[PDB]
Amino acid sequence: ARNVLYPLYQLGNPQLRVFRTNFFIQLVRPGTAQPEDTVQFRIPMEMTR
Amino acid sequence: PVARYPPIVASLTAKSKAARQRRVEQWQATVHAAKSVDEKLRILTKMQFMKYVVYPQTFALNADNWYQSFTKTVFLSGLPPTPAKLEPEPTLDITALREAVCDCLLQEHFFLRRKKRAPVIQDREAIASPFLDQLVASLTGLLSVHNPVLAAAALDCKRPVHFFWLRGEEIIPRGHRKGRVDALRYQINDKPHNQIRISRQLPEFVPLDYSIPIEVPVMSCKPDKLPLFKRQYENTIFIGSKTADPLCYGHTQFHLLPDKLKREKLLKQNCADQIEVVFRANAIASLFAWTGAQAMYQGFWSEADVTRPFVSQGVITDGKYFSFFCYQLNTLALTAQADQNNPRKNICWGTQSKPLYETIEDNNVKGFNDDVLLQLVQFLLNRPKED
Amino acid sequence: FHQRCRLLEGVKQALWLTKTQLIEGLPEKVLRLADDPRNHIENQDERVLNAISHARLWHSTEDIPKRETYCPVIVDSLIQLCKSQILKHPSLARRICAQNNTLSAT
Amino acid sequence: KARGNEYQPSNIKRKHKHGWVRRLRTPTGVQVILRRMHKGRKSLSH
RNA sequence: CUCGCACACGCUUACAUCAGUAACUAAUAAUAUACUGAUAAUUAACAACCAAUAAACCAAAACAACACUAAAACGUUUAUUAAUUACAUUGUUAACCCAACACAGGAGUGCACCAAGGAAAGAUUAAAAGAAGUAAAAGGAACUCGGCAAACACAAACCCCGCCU
RNA sequence: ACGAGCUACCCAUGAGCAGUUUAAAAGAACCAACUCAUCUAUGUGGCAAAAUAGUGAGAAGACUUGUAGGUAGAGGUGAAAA
Ligand SMILES: [K+]
Ligand SMILES: [K+]
Ligand SMILES: [K+]
Ligand SMILES: [K+]
Ligand SMILES: [Mg+2]
Ligand SMILES: [Mg+2]
Ligand SMILES: [Mg+2]
Ligand SMILES: [Mg+2]
Ligand SMILES: [Mg+2]
Ligand SMILES: [Mg+2]
Ligand SMILES: [Mg+2]
Ligand SMILES: [Mg+2]
Ligand SMILES: [Mg+2]
Ligand SMILES: [Mg+2]
Ligand SMILES: [Mg+2]
Ligand SMILES: [Mg+2]
Ligand SMILES: [Mg+2]
Ligand SMILES: [Mg+2]
Ligand SMILES: [Mg+2]
Ligand SMILES: [Mg+2]
Ligand SMILES: [Mg+2]
Ligand SMILES: [Mg+2]
Ligand SMILES: [Mg+2]
Ligand SMILES: [Mg+2]
Ligand SMILES: [Mg+2]
Ligand SMILES: [Mg+2]
Ligand SMILES: [Mg+2]
Ligand SMILES: [Mg+2]
Ligand SMILES: [Mg+2]
Ligand SMILES: [Mg+2]
Ligand SMILES: [Mg+2]
Ligand SMILES: [Mg+2]
Ligand SMILES: [Mg+2]
Ligand SMILES: [Mg+2]
Ligand SMILES: [Mg+2]
Ligand SMILES: [Mg+2]
């Protein structure tokens with residue numbers, strides 16, 4: 001989730017769970033040639049792989 | 001009393017494309033007039049233009065398919081066709097070979113104790129690497145009595161192999177050189193775990209003009225989607241030793257997959273068919289660089305093609321699963337202006353991955369596959385033809 | 001005493017700490033085992049000349065290989081030359097090499 | 001011998017000499033920030 | 001006719017596809033790397049981020065064999081610890097930067113001197129004066145503050161002041 | 001108050017000097033890259049608020065050079081030109 005404060009992690013902390021995600025994804029048509037298996041998305045800055 | 005018409009070749013100092021081709025053909029003839037093979041390699045590799053860097057051990061989802069297009073290689077499933085020669089076959093005691101190989105496994109796994117490992121993760125890169133060093137040394141010495149060639153051969157341990165070639169053409173999309181035609185250049189920087197080099201070339205598997213029904217796959221995307229990244233540095237053609245070395249040919253290769261390409265890692269990343277892709281991609285890129293470098297050390301290049309097929313063998317392994325490959329190089333004119341009419345193709349026979357041992361524990365190897373050992377023995381028993 | 005320990009009187013201190021007697025020259029068994037021509041590899045002079053050249057000049061793409069590259073290469077190359085004698089003496093197969101083992105003796 | 005190009009750009013130097021951190025480390029520097037906040041500057045510092 | 005490819009530093013979409021330019025930008029026109037509108041893009045292996053303490057070790061880089069004086073960047077191993085758990089984040093375009101300008105100026109390293117990159121003349125007439133280049137009869141410093149400049153010359157010697165770089 | 005991103009000097013950390021002549025890597029010699037700017041001619045609101053063309057001096061050192069840090073006006077710095 002974005003614009004929220006994550007819990008600081010130490011040794012033995014419980015698993016971090018997010019129930020209502022704040023992220024939104026756009027599926028866009030590639031502007032150049034892409035292979036058959038590649039799908040291009042637009043994601044917010046606070047989203048990792 | 002006979003008219004002497006001047007030739008009708010294009011101009012030499014003009015800006016036209018025909019003039020540029022004649023300028024290109026001018027330096028092509030410079031390589032021909034060169035005598036020493038070192039001077040030919042200097043002229044071909046003295047330009048430092050942009051090029052793609054090809055890694056034999058890659059994480060691409062479909063790497064073998066893309067590497068075949070860069071190489072003009074058609075992959076044939078199964079071992080290469082048998083030589084169909086039943087000349088007196090050596091008698092090898094498997095028990096001695098089995099004990100020797102098992103000793104290599106037991107040492108690096110259970111007997112030879114290491115410094116305390118805090119992670120306790122037991123990285124297979126640090127365990128399988130010394131195992132390959134002993135396995136190659138143990139089998140080379142044991143089979144030297146049956147194969148006299150291995151006695152005179154040289155062993156290389158982690159020695160770099162380089163190769164450089166042009167493939168296809170490209171029109172530059174962006175920059176001030178927009179719209180002009182520039183060839184695509186590729187580079188292979190490989191570091192085989194072990195090498196065996198022989199003064200005499202191994203015999204061919206199939207004739208030079210071998211027509212195979214299957215065709216080389218053709219991609220419909222830029223190589224940047226593999227992904228591949230362009231870089232500029234020295235263009236080197238290397239065989240494991242400089243040209244002055246009398247051992248200009250090769251026998252076999254041994255490759256160890258890194259930690260990032262383990263079977264367990266691929267399963268977690270939800271990759272089932274990628275297990276065989278990594279083995280195939282490693283063999284095609286590594287063997288081609290080795291076979292290609294051998295040809296260019298003999299003077300053969302794009303405009304001279306190849307007279308005798310160059311054959312090298314490869315054994316890709318990860319520590320427990322072994323794969324066997326054979327590569328024959330028939331084509332060296334991969335340039336776009338030189339591949340217009342070249343029916344010949346490069347062939348790379350391959351084998352499915354097979355385990356060697358199974359749940360080794362407490363100086364006891366539970367499972368063992370002799371066919372993998374027998375296949376490894378067959379590779380090391382290949383001999384050059386004698387006259 | 002680990003690998004990187006330096007002794008000032010190297011021959012004298014090692015002799016004292018070990019209680020040994022230094023004898024100049026290799027033993028007669030070793031020395032008489034090399035003077036016999038029946039224990040020489042084929043083209044011994046030529047192959048060693050190639051081994052030295054390969055170690056110092058040919059094994060690397062650079063013009064001047066550094067010492068950490070050609071120091072283990074020359075030793076391994078010479079090991080292979082004497083390893084090829086296994087066909088004449090089929091008892092060298094009883095040997096095997098080990099790497100970075102942990103040794104302790106008090 | 002041909003003056004006019006005395007400014008040679010560098011991000012390491014610019015952020016170390018006129019940066020926000022340096023402005024708050026010296027008592028005279030803080031007064032510079034206070035003057036620019038009072039005047040209504042859009043950019044107090046680099 | 002010949003300063004070319006790439007990285008670092010810097011600039012910050014000025015790059016790419018399509019369309020428009022009556023006018024704005026280019027010191028002009030065609031036109032579009034440079035002006036306007038819409039759409040699209042740079043994918044990591046390279047690069048940044050990337051352990052601590054105790055102990056042993058007087059012995060230079062110059063092909064380094066061995067030495068010089070000006071005495072020299074460049075670490076390994078043993079011990080005690082170090083979350084161990086696929087896929088983290090970030091830089092990837094360009095004809096570009098600093099000089100009021102699309103300035104004959106300033107600009108570090110690697111590899112080539114080219115296989116790469118570019119166009120001195122918008123169209124005429126062929127006056128004076130001015131700038132740059134080539135050639136010359138006989139004479140060869142008669143010029144002039146001075147052999148300044150130029151030259152098919154590219155040498156020899158004396159003096160004054162500073163020793164010398 | 002703000003300025004050593006130009007320049008004077010210094011502390012760190014890096015990077016360059018090909019060929020030729022000599023027992024010489026000798027603040028030696030010939031000559032490039034490179035760094036200074038002697039003489040003359042164009043230029044003088046110029047291409048340029050100090051340049052272009054020809055010609056010159058050094059070019060293994062008291063040498064050039066990149067990155068970054070230090071000294072601030074009753075001062076800094078200076079192989080003194082105020
Ligand atoms: K810009
Ligand atoms: K006079
Ligand atoms: K400073
Ligand atoms: K100018
Ligand atoms: Mg100014
Ligand atoms: Mg500067
Ligand atoms: Mg600007
Ligand atoms: Mg224009
Ligand atoms: Mg258009
Ligand atoms: Mg536009
Ligand atoms: Mg102007
Ligand atoms: Mg013009
Ligand atoms: Mg005109
Ligand atoms: Mg006139
Ligand atoms: Mg004249
Ligand atoms: Mg005359
Ligand atoms: Mg007179
Ligand atoms: Mg007169
Ligand atoms: Mg005078
Ligand atoms: Mg003169
Ligand atoms: Mg006088
Ligand atoms: Mg003087
Ligand atoms: Mg005097
Ligand atoms: Mg400074
Ligand atoms: Mg020199
Ligand atoms: Mg000198
Ligand atoms: Mg000039
Ligand atoms: Mg001039
Ligand atoms: Mg002149
Ligand atoms: Mg000079
Ligand atoms: Mg001089
Ligand atoms: Mg201050
Ligand atoms: Mg003063
Ligand atoms: Mg001074
Ligand atoms: Mg004075
Ligand atoms: Mg005065």
# chains A, B, ... in the order shown; residues from 1 in each chain; ligands from 1
>>> residues_around(residues="stretch 128-132 of chain B", least_positions_apart="6", cutoff="12 Å", atoms="only C-alpha atoms (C1' of nucleotides)", output="MDAnalysis selection string")
(chainID B and resid 100:110 112 114 122 138:140 157:158 192:195 253:259 315:322) or (chainID C and resid 96:101)
>>> closest_atom_pairs(of="chain B", to="chain E", cutoff="7 Å", atoms="only C-alpha atoms (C1' of nucleotides)", output="Markdown table")
| residue | atom | partner | partner_atom | distance |
| --- | --- | --- | --- | --- |
| B:24 | CA | E:115 | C1' | 5.6 |
| B:47 | CA | E:112 | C1' | 6.6 |
| B:48 | CA | E:111 | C1' | 6.5 |
| B:49 | CA | E:5 | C1' | 5.7 |
| B:119 | CA | E:84 | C1' | 5.5 |
| B:174 | CA | E:16 | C1' | 6.6 |
| B:175 | CA | E:94 | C1' | 6.4 |
| B:176 | CA | E:95 | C1' | 5.1 |
| B:232 | CA | E:6 | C1' | 6.2 |
| B:265 | CA | E:86 | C1' | 5.2 |
| B:268 | CA | E:86 | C1' | 5.6 |
| B:269 | CA | E:86 | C1' | 5.7 |
>>> write_last_selection(atoms="C-alpha atoms", output="CSV table (one decimal), in the first residue's frame")
chain,number,residue,atom,x,y,z
B,24,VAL,CA,34.4,-1.8,-47.6
B,47,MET,CA,37.5,-1.2,-34.6
B,48,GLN,CA,35.6,-0.6,-31.3
B,49,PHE,CA,32.0,0.1,-32.3
B,119,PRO,CA,25.0,-19.5,6.7
B,174,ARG,CA,17.9,7.4,-32.9
B,175,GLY,CA,20.9,9.7,-33.0
B,176,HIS,CA,22.5,11.8,-35.7
B,232,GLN,CA,31.7,-1.0,-26.1
B,265,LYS,CA,15.5,-21.4,-7.8
B,268,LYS,CA,10.2,-21.1,-6.9
B,269,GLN,CA,10.1,-18.6,-9.8
>>> residues_around(residues="residue F:41", least_positions_apart="3", cutoff="12 Å", atoms="only C-alpha atoms (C1' of nucleotides)", output="list in words")
residues 131, 132, 148 and 149 of chain E; 52, 53, 54 and 55 of chain F
>>> write_last_selection(atoms="N, CA, C and O atoms (P, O5', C5', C4', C3', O3' and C1' of nucleotides)", output="PDB file, in the first residue's frame")
ATOM      1  P     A E 131      45.923  44.853 -47.506  1.00  0.00           P
ATOM      2  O5'   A E 131      45.219  43.503 -47.043  1.00  0.00           O
ATOM      3  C5'   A E 131      44.787  43.332 -45.702  1.00  0.00           C
ATOM      4  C4'   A E 131      44.003  42.056 -45.534  1.00  0.00           C
ATOM      5  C3'   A E 131      44.716  40.780 -45.951  1.00  0.00           C
ATOM      6  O3'   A E 131      45.594  40.283 -44.957  1.00  0.00           O
ATOM      7  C1'   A E 131      42.563  40.810 -46.901  1.00  0.00           C
ATOM      8  P     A E 132      47.038  39.713 -45.369  1.00  0.00           P
ATOM      9  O5'   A E 132      46.720  38.306 -46.045  1.00  0.00           O
ATOM     10  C5'   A E 132      46.382  37.182 -45.248  1.00  0.00           C
ATOM     11  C4'   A E 132      45.994  35.989 -46.086  1.00  0.00           C
ATOM     12  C3'   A E 132      47.038  35.467 -47.059  1.00  0.00           C
ATOM     13  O3'   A E 132      48.045  34.680 -46.450  1.00  0.00           O
ATOM     14  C1'   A E 132      44.965  35.612 -48.157  1.00  0.00           C
ATOM     15  P     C E 148      64.539  41.445 -38.753  1.00  0.00           P
ATOM     16  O5'   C E 148      62.952  41.474 -38.880  1.00  0.00           O
ATOM     17  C5'   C E 148      62.125  41.440 -37.727  1.00  0.00           C
ATOM     18  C4'   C E 148      60.804  42.123 -37.981  1.00  0.00           C
ATOM     19  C3'   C E 148      59.843  41.389 -38.905  1.00  0.00           C
ATOM     20  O3'   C E 148      59.089  40.395 -38.234  1.00  0.00           O
ATOM     21  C1'   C E 148      60.008  43.653 -39.571  1.00  0.00           C
ATOM     22  P     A E 149      59.216  38.849 -38.657  1.00  0.00           P
ATOM     23  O5'   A E 149      58.458  38.767 -40.055  1.00  0.00           O
ATOM     24  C5'   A E 149      57.063  39.008 -40.146  1.00  0.00           C
ATOM     25  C4'   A E 149      56.675  39.458 -41.531  1.00  0.00           C
ATOM     26  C3'   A E 149      56.937  38.464 -42.653  1.00  0.00           C
ATOM     27  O3'   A E 149      55.919  37.485 -42.779  1.00  0.00           O
ATOM     28  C1'   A E 149      57.783  40.574 -43.270  1.00  0.00           C
TER      29        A E 149
ATOM     30  P     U F  52      41.968  30.892 -31.342  1.00  0.00           P
ATOM     31  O5'   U F  52      41.941  31.173 -32.908  1.00  0.00           O
ATOM     32  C5'   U F  52      40.839  30.758 -33.698  1.00  0.00           C
ATOM     33  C4'   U F  52      40.925  31.309 -35.098  1.00  0.00           C
ATOM     34  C3'   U F  52      42.192  30.975 -35.869  1.00  0.00           C
ATOM     35  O3'   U F  52      42.174  29.680 -36.440  1.00  0.00           O
ATOM     36  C1'   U F  52      41.737  33.278 -36.078  1.00  0.00           C
ATOM     37  P     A F  53      43.528  28.820 -36.520  1.00  0.00           P
ATOM     38  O5'   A F  53      44.398  29.572 -37.621  1.00  0.00           O
ATOM     39  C5'   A F  53      44.014  29.548 -38.987  1.00  0.00           C
ATOM     40  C4'   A F  53      45.002  30.278 -39.861  1.00  0.00           C
ATOM     41  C3'   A F  53      46.469  29.944 -39.648  1.00  0.00           C
ATOM     42  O3'   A F  53      46.864  28.732 -40.267  1.00  0.00           O
ATOM     43  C1'   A F  53      46.211  32.282 -39.769  1.00  0.00           C
ATOM     44  P     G F  54      48.024  27.834 -39.610  1.00  0.00           P
ATOM     45  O5'   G F  54      49.357  28.655 -39.901  1.00  0.00           O
ATOM     46  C5'   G F  54      49.828  28.823 -41.228  1.00  0.00           C
ATOM     47  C4'   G F  54      50.941  29.837 -41.310  1.00  0.00           C
ATOM     48  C3'   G F  54      52.190  29.543 -40.498  1.00  0.00           C
ATOM     49  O3'   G F  54      53.043  28.583 -41.094  1.00  0.00           O
ATOM     50  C1'   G F  54      51.572  31.788 -40.177  1.00  0.00           C
ATOM     51  P     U F  55      53.825  27.522 -40.171  1.00  0.00           P
ATOM     52  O5'   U F  55      54.821  28.419 -39.309  1.00  0.00           O
ATOM     53  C5'   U F  55      55.859  29.159 -39.935  1.00  0.00           C
ATOM     54  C4'   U F  55      56.442  30.196 -39.007  1.00  0.00           C
ATOM     55  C3'   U F  55      57.150  29.666 -37.772  1.00  0.00           C
ATOM     56  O3'   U F  55      58.469  29.226 -38.042  1.00  0.00           O
ATOM     57  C1'   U F  55      55.712  31.436 -37.158  1.00  0.00           C
TER      58        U F  55
END
>>> residues_near_ligand(ligand="ligand 19", cutoff="12 Å", atoms="only C-alpha atoms (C1' of nucleotides) and all ligand atoms", output="PDB file with N, CA, C and O atoms (P, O5', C5', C4', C3', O3' and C1' of nucleotides), in the first residue's frame")
ATOM      1  P     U E 144      64.158  54.140 -46.921  1.00  0.00           P
ATOM      2  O5'   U E 144      63.855  53.642 -45.440  1.00  0.00           O
ATOM      3  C5'   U E 144      62.521  53.463 -44.992  1.00  0.00           C
ATOM      4  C4'   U E 144      62.440  52.424 -43.903  1.00  0.00           C
ATOM      5  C3'   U E 144      63.076  52.794 -42.573  1.00  0.00           C
ATOM      6  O3'   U E 144      62.245  53.608 -41.764  1.00  0.00           O
ATOM      7  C1'   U E 144      63.774  50.628 -43.200  1.00  0.00           C
ATOM      8  P     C E 145      62.885  54.802 -40.898  1.00  0.00           P
ATOM      9  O5'   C E 145      63.828  54.057 -39.855  1.00  0.00           O
ATOM     10  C5'   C E 145      64.790  54.776 -39.099  1.00  0.00           C
ATOM     11  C4'   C E 145      65.230  54.000 -37.884  1.00  0.00           C
ATOM     12  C3'   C E 145      65.682  52.571 -38.136  1.00  0.00           C
ATOM     13  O3'   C E 145      67.029  52.497 -38.567  1.00  0.00           O
ATOM     14  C1'   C E 145      64.186  52.622 -36.302  1.00  0.00           C
ATOM     15  P     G E 146      67.432  51.587 -39.828  1.00  0.00           P
ATOM     16  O5'   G E 146      67.293  50.094 -39.290  1.00  0.00           O
ATOM     17  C5'   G E 146      68.252  49.559 -38.392  1.00  0.00           C
ATOM     18  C4'   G E 146      67.786  48.265 -37.773  1.00  0.00           C
ATOM     19  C3'   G E 146      67.481  47.125 -38.729  1.00  0.00           C
ATOM     20  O3'   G E 146      68.638  46.450 -39.190  1.00  0.00           O
ATOM     21  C1'   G E 146      65.748  47.299 -37.139  1.00  0.00           C
ATOM     22  P     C E 148      64.539  41.445 -38.753  1.00  0.00           P
ATOM     23  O5'   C E 148      62.952  41.474 -38.880  1.00  0.00           O
ATOM     24  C5'   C E 148      62.125  41.440 -37.727  1.00  0.00           C
ATOM     25  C4'   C E 148      60.804  42.123 -37.981  1.00  0.00           C
ATOM     26  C3'   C E 148      59.843  41.389 -38.905  1.00  0.00           C
ATOM     27  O3'   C E 148      59.089  40.395 -38.234  1.00  0.00           O
ATOM     28  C1'   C E 148      60.008  43.653 -39.571  1.00  0.00           C
TER      29        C E 148
ATOM     30  P     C F  39      56.737  39.960 -28.542  1.00  0.00           P
ATOM     31  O5'   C F  39      56.881  39.855 -30.124  1.00  0.00           O
ATOM     32  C5'   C F  39      58.117  40.142 -30.760  1.00  0.00           C
ATOM     33  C4'   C F  39      58.065  39.834 -32.234  1.00  0.00           C
ATOM     34  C3'   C F  39      56.901  40.436 -33.001  1.00  0.00           C
ATOM     35  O3'   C F  39      57.090  41.800 -33.330  1.00  0.00           O
ATOM     36  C1'   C F  39      57.130  38.164 -33.586  1.00  0.00           C
TER      37        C F  39
END
>>> interface_residues(of="chain D", to="chain F", cutoff="6 Å", atoms="only C-alpha atoms (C1' of nucleotides)", output="short mmCIF file (atom, residue, chain, number, x, y, z; two decimals) with N, CA and C atoms, in the first residue's frame")
data_model
loop_
_atom_site.label_atom_id
_atom_site.label_comp_id
_atom_site.auth_asym_id
_atom_site.auth_seq_id
_atom_site.Cartn_x
_atom_site.Cartn_y
_atom_site.Cartn_z
N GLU D 6 33.47 31.02 -16.17
CA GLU D 6 33.93 30.70 -14.83
C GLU D 6 33.08 29.65 -14.15
N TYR D 7 31.86 29.41 -14.63
CA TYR D 7 30.95 28.45 -14.01
C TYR D 7 31.12 27.10 -14.70
N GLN D 8 31.77 26.17 -14.00
CA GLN D 8 31.86 24.79 -14.47
C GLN D 8 30.92 23.94 -13.63
#
>>> residues_near_ligand(ligand="ligand 9", cutoff="9 Å", atoms="only C-alpha atoms (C1' of nucleotides) and all ligand atoms", output="PyMOL selection string")
chain E and resi 18-20+31-32
>>> write_last_selection(atoms="N, CA and C atoms (P, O5', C5', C4', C3', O3' and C1' of nucleotides)", output="PDB file, in the first residue's frame")
ATOM      1  P     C E  18       6.705   8.314 -39.422  1.00  0.00           P
ATOM      2  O5'   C E  18       5.331   9.088 -39.205  1.00  0.00           O
ATOM      3  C5'   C E  18       4.088   8.418 -39.349  1.00  0.00           C
ATOM      4  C4'   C E  18       2.935   9.290 -38.919  1.00  0.00           C
ATOM      5  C3'   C E  18       2.840  10.652 -39.588  1.00  0.00           C
ATOM      6  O3'   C E  18       2.256  10.604 -40.878  1.00  0.00           O
ATOM      7  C1'   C E  18       2.571  10.907 -37.259  1.00  0.00           C
ATOM      8  P     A E  19       2.634  11.719 -41.971  1.00  0.00           P
ATOM      9  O5'   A E  19       1.886  13.030 -41.463  1.00  0.00           O
ATOM     10  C5'   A E  19       0.468  13.100 -41.463  1.00  0.00           C
ATOM     11  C4'   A E  19      -0.041  14.276 -40.668  1.00  0.00           C
ATOM     12  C3'   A E  19       0.426  15.652 -41.114  1.00  0.00           C
ATOM     13  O3'   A E  19      -0.282  16.143 -42.239  1.00  0.00           O
ATOM     14  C1'   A E  19       0.610  15.484 -38.770  1.00  0.00           C
ATOM     15  P     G E  20       0.404  17.222 -43.213  1.00  0.00           P
ATOM     16  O5'   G E  20       0.399  18.571 -42.365  1.00  0.00           O
ATOM     17  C5'   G E  20      -0.823  19.159 -41.943  1.00  0.00           C
ATOM     18  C4'   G E  20      -0.592  20.334 -41.025  1.00  0.00           C
ATOM     19  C3'   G E  20       0.256  21.464 -41.582  1.00  0.00           C
ATOM     20  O3'   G E  20      -0.474  22.320 -42.443  1.00  0.00           O
ATOM     21  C1'   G E  20       0.948  20.964 -39.376  1.00  0.00           C
ATOM     22  P     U E  31       9.102  22.380 -48.914  1.00  0.00           P
ATOM     23  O5'   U E  31       9.823  21.916 -47.571  1.00  0.00           O
ATOM     24  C5'   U E  31      10.653  20.763 -47.540  1.00  0.00           C
ATOM     25  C4'   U E  31      11.711  20.884 -46.474  1.00  0.00           C
ATOM     26  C3'   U E  31      11.375  20.268 -45.125  1.00  0.00           C
ATOM     27  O3'   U E  31      11.614  18.872 -45.082  1.00  0.00           O
ATOM     28  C1'   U E  31      12.218  22.451 -44.806  1.00  0.00           C
ATOM     29  P     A E  32      10.800  17.940 -44.058  1.00  0.00           P
ATOM     30  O5'   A E  32      11.469  18.238 -42.644  1.00  0.00           O
ATOM     31  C5'   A E  32      12.857  18.004 -42.429  1.00  0.00           C
ATOM     32  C4'   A E  32      13.285  18.364 -41.028  1.00  0.00           C
ATOM     33  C3'   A E  32      12.576  17.605 -39.907  1.00  0.00           C
ATOM     34  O3'   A E  32      13.495  17.387 -38.839  1.00  0.00           O
ATOM     35  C1'   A E  32      12.247  19.919 -39.615  1.00  0.00           C
TER      36        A E  32
END
>>> residues_near_ligand(ligand="ligand 3", cutoff="10 Å", atoms="only C-alpha atoms (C1' of nucleotides) and all ligand atoms", output="NGL selection string")
(:D and (13 or 17)) or (:F and (4-5 or 68-71))
>>> select_by_dssp(residues="chain A", states="strand (DSSP E)", output="count of residues only")
4
>>> residues_near_ligand(ligand="ligand 7", cutoff="12 Å", atoms="only C-alpha atoms (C1' of nucleotides) and all ligand atoms", output="PyMOL selection string")
(chain D and resi 9) or (chain E and resi 10-12+14+96-102)
>>> closest_atom_pairs(of="chain E", to="ligand 22", cutoff="9 Å", atoms="only C-alpha atoms (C1' of nucleotides) and all ligand atoms", output="Markdown table")
| residue | atom | partner | partner_atom_place_in_ligand_line | distance |
| --- | --- | --- | --- | --- |
| E:162 | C1' | ligand 22 | 1 (Mg) | 5.4 |
| E:163 | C1' | ligand 22 | 1 (Mg) | 8.1 |
| E:164 | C1' | ligand 22 | 1 (Mg) | 7.6 |
>>> residues_around(residues="stretch 13-20 of chain A", least_positions_apart="5", cutoff="12 Å", atoms="only C-alpha atoms (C1' of nucleotides)", output="list in words")
residues 1, 2, 4, 5, 6, 7 and 8 of chain A
>>> residues_near_ligand(ligand="ligand 30", cutoff="9 Å", atoms="only C-alpha atoms (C1' of nucleotides) and all ligand atoms", output="VMD selection string")
chain F and resid 30 to 31 56 to 59
>>> write_last_selection(atoms="C-alpha atoms (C1' of nucleotides)", output="PDB file, in the first residue's frame")
ATOM      1  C1'   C F  30      65.894  16.366 -32.154  1.00  0.00           C
ATOM      2  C1'   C F  31      60.484  16.207 -32.810  1.00  0.00           C
ATOM      3  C1'   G F  56      57.615  30.142 -32.207  1.00  0.00           C
ATOM      4  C1'   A F  57      59.513  28.079 -26.398  1.00  0.00           C
ATOM      5  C1'   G F  58      59.204  23.617 -23.226  1.00  0.00           C
ATOM      6  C1'   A F  59      57.864  18.602 -24.235  1.00  0.00           C
TER       7        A F  59
END
>>> residues_around(residues="residue B:71", least_positions_apart="5", cutoff="9 Å", atoms="only C-alpha atoms (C1' of nucleotides)", output="list in words")
residues 66, 167, 284, 285, 288, 334 and 346 of chain B
>>> atom_distance(atom1="atom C1' of residue E:85", atom2="atom CA of residue A:21")
24.2 Å
>>> closest_atom_pairs(of="chain E", to="ligand 13", cutoff="12 Å", atoms="only C-alpha atoms (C1' of nucleotides) and all ligand atoms", output="JSON lines")
{"residue": "E:28", "atom": "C1'", "partner": "ligand 13", "partner_atom_place_in_ligand_line": "1 (Mg)", "distance": 11.4}
{"residue": "E:120", "atom": "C1'", "partner": "ligand 13", "partner_atom_place_in_ligand_line": "1 (Mg)", "distance": 11.9}
{"residue": "E:121", "atom": "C1'", "partner": "ligand 13", "partner_atom_place_in_ligand_line": "1 (Mg)", "distance": 7.5}
{"residue": "E:122", "atom": "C1'", "partner": "ligand 13", "partner_atom_place_in_ligand_line": "1 (Mg)", "distance": 6.6}
{"residue": "E:123", "atom": "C1'", "partner": "ligand 13", "partner_atom_place_in_ligand_line": "1 (Mg)", "distance": 8.9}
{"residue": "E:124", "atom": "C1'", "partner": "ligand 13", "partner_atom_place_in_ligand_line": "1 (Mg)", "distance": 10.6}
>>> atom_distance(atom1="atom CA of residue B:323", atom2="atom CA of residue B:165")
27.0 Å
>>> residues_near_ligand(ligand="ligand 16", cutoff="10 Å", atoms="only C-alpha atoms (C1' of nucleotides) and all ligand atoms", output="VMD selection string")
chain E and resid 136 to 140
>>> residues_around(residues="residue D:16", least_positions_apart="3", cutoff="12 Å", atoms="only C-alpha atoms (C1' of nucleotides)", output="PyMOL selection string")
(chain D and resi 10-13+19-23+25+45-46) or (chain F and resi 5+68-69)
